[PDB]
Amino acid sequence: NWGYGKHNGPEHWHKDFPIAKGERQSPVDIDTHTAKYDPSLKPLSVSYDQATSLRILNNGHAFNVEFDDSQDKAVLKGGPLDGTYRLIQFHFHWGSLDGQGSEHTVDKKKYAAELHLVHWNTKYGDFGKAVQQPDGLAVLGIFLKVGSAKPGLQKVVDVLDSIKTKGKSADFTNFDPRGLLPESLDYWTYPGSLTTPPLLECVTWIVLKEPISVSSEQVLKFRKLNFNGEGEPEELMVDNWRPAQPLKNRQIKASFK
Ligand SMILES: [Co+2]
């Protein structure tokens, strides 16, 4: 029964999910002066040319754009990753105001939103088995700032009025996630967790340094979604971000000098 409010939000999750106070929780603050360039990282490879989306779903916490991951398509590899990870879905975390919304922070700076592209390690056969493994997942995180519109986001924006409330879904085919990526693949990486219950400690995080810009009108449409179900009192879907968690002696590596 978890959420982001006063009585069910991040400060309460540890009761049902004690891993919330674990040794490799996410998100974290990225202290850019403490992160070390790692010259042994091979280039990151994001290969989304054959990505095939299926549906978009309001799950009562965010919206998920889901992909058909039944074939070797939409693959993340290289960088800190061993082997190949396959895209399963993406979603966002965002604020009630432009000054907050991201989960990761950069020298304490909060962005207006954060995009998470979730991939599972193909050595484990599927997502469900992957989330039983310490290297089961790789999440590519991308910061959003408010400025110029992101043309590739508009198809997502325009479908949201059909999934206003918890439990609504719409078919959502032929969406190209390449249109959501910034120019540079410079990144920070560290071992962490899912940022929503069950907070599983399976994730190699790859957080891009370059944000994308989205327009005020685009993020305003995110903020018109509802946490509640149809026919329930309206609670706007805003501030669905978990705050930074203790680093606990992990090291953040930078892909760039
Ligand atoms: Co997320």
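No Cβ is skipped: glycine too gets one built from the backbone with ideal geometry, and neighbour counts run over all protein chains shown. What follows is calculated from the coordinates using simple rules that are stated; it is not laboratory data.
Given region 133-257, what whole percent of its Cα pairs are spread farther than 19 Å? Mind dumping the intermediate values first?
Numbers: 4769 of 7750 pairs.
So the portion of pairs separated by more than 19 Å is 62 percent.
Straight-line reach from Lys108: which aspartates and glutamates fall under 13 Å, measuring Cα to Cα and dropping same-chain residues less than 8 apart?
Here the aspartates and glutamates satisfying the reach criterion relative to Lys108 are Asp29, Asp31.
Work out the length of the dipole vector of the chain about its Cα centre, built from +1 on the beta-carbon of each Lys and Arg and -1 on the beta-carbon of each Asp and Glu, and round it to the nearest 20 debye. Each step should come with its number before you reach the end.
Working: 31 positive and 32 negative charges, 104 e Å.
For the chain, the charge dipole is close to 500 debye.
Pick from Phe172, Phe222, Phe143: which is most flexible by mean-square fluctuation in a GNM of the chain where alpha carbon atoms under 10 Å apart are linked?
The residue with the greatest mean-square fluctuation here is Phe172.
Nearest 20 debye, what's the magnitude of the dipole of region 1-40 about its Cα centre given +1 on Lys and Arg Cβ and -1 on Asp and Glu Cβ? Walk me through the numbers before you get to the answer.
Working: 5 positive and 6 negative charges, 31 e Å.
Rounded to the nearest 20 debye, it is 140 debye.
Region 1-61: which trypsin sites (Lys or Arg not before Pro) are DSSP loop and have at most 14 other beta-carbon atoms within 10 angstrom?
Details: sites: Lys6, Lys15, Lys21, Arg24, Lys36, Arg55; in loops: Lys6, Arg24.
Loop-located and lightly packed - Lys6.
Tell me the mean residue ellipticity at 222 nm calculated for the chain from its helices only (DSSP H runs of n ≥ 4, each -39500 (n - 2.57), averaged over every residue, nearest 500). Could the numbers behind the result be given before it?
Working: 4 runs with 21 residues, N = 257.
Mean residue ellipticity at 222 nm (helix-derived): -1500 deg cm²/dmol.
Using alpha-carbon positions, what is the distance between the centroids of region 135-173 and region 1-77, in Å?
14 Å
Considering the Cα positions of region 1-159, please state its Rg to one decimal place and its Dmax as a whole number of Å.
When restricted to Cα atoms, region 1-159 yields Rg and Dmax of 16.8, 45 Å.
Each residue of region 181-190 in order: what ³J(HN,Hα) in whole Hz does its phi give by Karplus 6.51 cos²θ - 1.76 cosθ + 1.60, θ = phi - 60°, with x for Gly and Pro?
Here the 3J(HN,Hα) series is 9, x, 5, 7, 9, 4, 8, 10, 9, 7 Hz.
Which of rounded, prolate, oblate describes region 205-245, given a ≥ b ≥ c as roots of the alpha-carbon gyration tensor eigenvalues and a/c under 1.5 marking rounded, otherwise prolate only if a/b is larger than b/c?
Oblate, because a/c is 1.5 or more while a/b does not exceed b/c.
Which value, in debye to the nearest 20, gives the size of the charge dipole of region 1-115 about its Cα centre, when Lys and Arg are +1 and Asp and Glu are -1 at the Cβ?
Numbers: 13 positive and 16 negative charges, 32 e Å.
For this selection, approximately 160 debye.
Mind listing which chymotrypsin sites (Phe, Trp or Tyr not before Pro) in region 64-111 are in a DSSP loop and have 13 or fewer other Cβ atoms within 10 Å? Before the final figure, lay out each step's value.
Values: sites: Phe67, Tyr85, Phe90, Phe92, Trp94, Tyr111; in loops: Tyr111.
Taking region 64-111 and a limit of 13 other Cβ atoms within 10 Å, no loop chymotrypsin sites (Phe, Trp or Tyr not before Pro) are found.
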